[PDB]
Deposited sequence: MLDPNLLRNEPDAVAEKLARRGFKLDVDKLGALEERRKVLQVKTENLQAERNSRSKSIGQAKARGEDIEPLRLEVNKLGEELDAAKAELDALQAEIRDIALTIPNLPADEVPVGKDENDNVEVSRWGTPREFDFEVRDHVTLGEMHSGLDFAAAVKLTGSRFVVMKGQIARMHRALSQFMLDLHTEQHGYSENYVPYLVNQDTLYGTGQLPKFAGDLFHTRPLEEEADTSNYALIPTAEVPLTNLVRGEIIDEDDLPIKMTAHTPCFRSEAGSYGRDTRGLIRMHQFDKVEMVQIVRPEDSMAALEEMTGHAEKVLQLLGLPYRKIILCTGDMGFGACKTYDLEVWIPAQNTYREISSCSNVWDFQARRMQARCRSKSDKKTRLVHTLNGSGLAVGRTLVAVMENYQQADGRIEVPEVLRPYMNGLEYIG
């Protein structure tokens, strides 16, 4: 959530920045609730002062031997009036809280202003798409002809938009996730984690999935939800913690499945290798360049052509203040398709989680910054490898870096 002082001191400057995202900040409704809150606050304080004043009068009447029942009744009446005012105040503060939790993050000033994906900007591209001297086959066809892709079985077991993979296709899916985890833990300094795939309400509020995106989640009847991304459990490891500035940055990675109820068709269950960084406020723009490069290295080592785009204000996700997307070349569609997204979240999540860092130079604490990106989505990487490394006879060349993970195999099929 946003800094509450920013909303109170300059609501119009905040409403301007949010309008770039296409979000209408109802400054009038918020200001009315803030005013009614202050009135109720004064009311409870006035009633409190009256109650203490009437208590003194009861004490005097006791000492004089007078009857205190008419005074006792009024003090009890006041205590009920005070409870009613406190109930109204707590309901009003919860309504303000509800609204504040639905406000997206403020975009960084450097982010291009735009309404949708057509205003995203390409900032670089790497590699040259392979020229094919035969007709290019799509990944589904390739998966079916190697008996490694069965959508019909997945419908029988579960339902639509699930996948079953078998044989060498499943082995390559597995090899990709191991290669990615090894790369980020051995070369890029990320620490490996096994996390739960079910999380509670507080974890989802912490990273921003709740309340706005409850409908995108699978909930389990022990009030849990399946994780939509490893960002949720990983980032919440520092929830409520105060971290010494010398311990930063905390770099975490994990291989998890991701669940979402809702070019490349998105599944309800898919695998991702996620990267998460907890950093000092003044280092987060640098960390985003570092993290994006880590995702690019995966693409480069696998030899997949890609392009880097910076998302415009109108296409960014709820919690991001700046986002880079990597799009990999998909031969059978003759265009690039998203495969990775790296975002700087600023202090948006840290504020909900109360994740702070302590400087020791003055022992004062401030909110950390959080960043997250995928390096990479495993299933989407598999689609890119299958299509870009296909041969004329339908076989698929195993990229060099995956061979050690696939018992030396050079070709599939």
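Counting from 1 along the deposited sequence, what's missing? Unobserved in coordinates, per deposited numbering: 222 to 229, 271 to 279.
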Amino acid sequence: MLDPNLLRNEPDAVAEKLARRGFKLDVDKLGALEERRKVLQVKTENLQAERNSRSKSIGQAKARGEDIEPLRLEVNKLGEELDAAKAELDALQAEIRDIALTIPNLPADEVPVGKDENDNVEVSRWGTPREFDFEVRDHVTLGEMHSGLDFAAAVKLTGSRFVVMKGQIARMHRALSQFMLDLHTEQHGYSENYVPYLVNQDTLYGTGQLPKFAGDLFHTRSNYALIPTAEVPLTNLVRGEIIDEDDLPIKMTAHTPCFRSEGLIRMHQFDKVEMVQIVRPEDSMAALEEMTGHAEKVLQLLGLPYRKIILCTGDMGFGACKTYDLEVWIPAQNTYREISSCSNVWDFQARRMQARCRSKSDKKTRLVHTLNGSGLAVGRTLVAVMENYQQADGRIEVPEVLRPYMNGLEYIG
From here on, numbers count along this sequence of modelled residues.
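Looking only at CA atoms, which has the higher mean B factor in the entry: 43 to 51 or 352 to 360? The stretch with the larger mean CA B-factor is 352 to 360.
Once you work out the mean C-alpha B-factor for both 343 to 351 and 29 to 37 from the entry, which is higher? If you average the C-alpha B-factors of 29 to 37 and of 343 to 351, the larger mean comes out for 29 to 37.
Tell me, please, which of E88, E241, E110, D150 has the highest C-alpha B factor according to the deposited entry? That would be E88, according to the entry.
For the C-alpha B-factor as written in the entry, point me to the maximum among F134, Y205, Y197, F270. Among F134, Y205, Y197, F270, the highest C-alpha B-factor in the entry belongs to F134.
By its CA B factor, does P129 count among the lowest, middle or highest third of the modelled residues in the chain? Within its chain, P129 is a highest-third residue by C-alpha B-factor, going by the deposited values.
Lowest, middle or highest third - CA B-factor, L409: Middle third by C-alpha B-factor.
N76 - which third its CA temperature factor falls in, relative to the rest of the chain: It falls in the top third of the chain.
Could you tell me which third, lowest, middle or highest, the C-alpha B-factor of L376 occupies within its chain? Its C-alpha B-factor belongs to the lowest third of this chain's values.
Determine, from the deposited record, the chain-internal third of the Cα B-factor for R221: lowest, middle or highest. For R221, the deposited C-alpha B-factor lands in the highest third.
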